[PDB]
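Next up: a single chain in structure tokens, the form deposited in one PDB entry.
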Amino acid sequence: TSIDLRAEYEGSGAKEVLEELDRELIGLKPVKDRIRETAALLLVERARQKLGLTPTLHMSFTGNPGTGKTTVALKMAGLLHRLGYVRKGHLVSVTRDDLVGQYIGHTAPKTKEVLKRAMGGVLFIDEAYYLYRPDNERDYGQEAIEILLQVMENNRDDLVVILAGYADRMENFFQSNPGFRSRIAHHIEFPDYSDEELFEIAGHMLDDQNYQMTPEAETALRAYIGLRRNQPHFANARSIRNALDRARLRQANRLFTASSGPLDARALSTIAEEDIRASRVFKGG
């Protein structure tokens, strides 16, 4: 007659999954609160079905690389299975090259078989928009879309689909293939790490390698981070790693060229302001 939401929250073990996500995803509170929130709606809409009032679950995760897309998607498959929306809470992750066949006619079995594997859980199409390439001739992508779109409509109660990738490309993909928008019930946005967070990471990375930055070099990175995030294909922590790898190289070539004579652990463990500002990022790319 009336329902207890907290009981179902504690009953499903959905709380456990949300803890498992805060423990397994390095502080991206913004996204985590959005997953907390959707978990609430998923909970309520479950209780609504229970008191006698056919869902819709497909979703889209958009943002840059290294923003938690997959590791959230995994926890989502779990959560979904916990709240009885899915039979076996398991995540089949797949690119476009897992769905489109090279030879004519050999796409529809391949897409169908991936879907056979996916049944009872979640399919995760990474950079889905690459299914639609009328740019390429002899690309049979249009057909994998047809089948995808078909399952999301009809054969629903055994599958949840997650499209993922860059937001700009996802939006364009919807333009050309509409009828996806009315099949995605959750448009989740994954933003980057804040500057202070990106700096903390860069800090820890150098701690684990045994390197220190000079105070002046620290502010160089901060200048760097802020610039980089605004340039194309920003990969968050991979972009940091990549900047440090390059800084380490430049430092090694400072010390080898400077060749003043013998040098101690400080000089060798130190990344200087020179090593970061030499980056093309400060020039424009």
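When you see a residue number, it is the position in the sequence shown, counting from 1.
K.L.:
Counting only residues that lack coordinates, how big is the gap in the deposited sequence between residue 53 and residue 54? Pick none, 1 to 3, 4 to 9 or 10 or more.
P.N.:
Unmodelled stretch: 1 to 3 residues, a short break.
K.L.:
For the stretches 26-34 and 63-71, which has the higher mean C-alpha B-factor as given in the deposited record?
P.N.:
Mean CA B-factor is higher for 26-34.
K.L.:
Read off the CA B-factors in the entry, average them over 163-171 and over 149-157, and name the higher stretch.
P.N.:
According to the PDB entry, the answer is 149-157.
K.L.:
Considering only 118, 201, 188, 79, which residue's Cα atom bears the greatest B-factor as recorded?
P.N.:
Of the candidates given, the C-alpha B-factor peaks at 118.
K.L.:
If I read the C-alpha B-factors straight from the PDB entry, which of 114, 128, 83, 213 is highest?
P.N.:
Within the set 114, 128, 83, 213, 114 shows the top C-alpha B-factor.
K.L.:
Rank-wise, by C-alpha B-factor, drop residue 265 into the lowest, middle or highest third of its chain.
P.N.:
Middle third, going by the recorded CA B-factors of the chain.
K.L.:
Could you say whether, by C-alpha temperature factor, residue 209 belongs to the lowest, middle or highest third of its chain?
P.N.:
Within its chain, residue 209 is a middle-third residue by C-alpha B-factor, going by the deposited values.
K.L.:
Can you tell me which third, lowest, middle or highest, the CA B-factor of residue 102 falls into for its chain?
P.N.:
Its C-alpha B-factor belongs to the highest third of this chain's values.
K.L.:
Check where residue 194 lands among this chain's C-alpha B-factors and tell me if it's the lowest, middle or highest third.
P.N.:
Its C-alpha B-factor belongs to the lowest third of this chain's values.
There is also a form deposited in another entry; it is not shown, and the following applies to it.
K.L.:
Once each C-alpha is given to the rigid part whose superposition fits it better, for the motion between the shown form and the other one, do residue 9 and residue 142 end up together?
P.N.:
Yes - residue 9 and residue 142 lie in one rigid part, which moves as a whole between the shown form and the other one.
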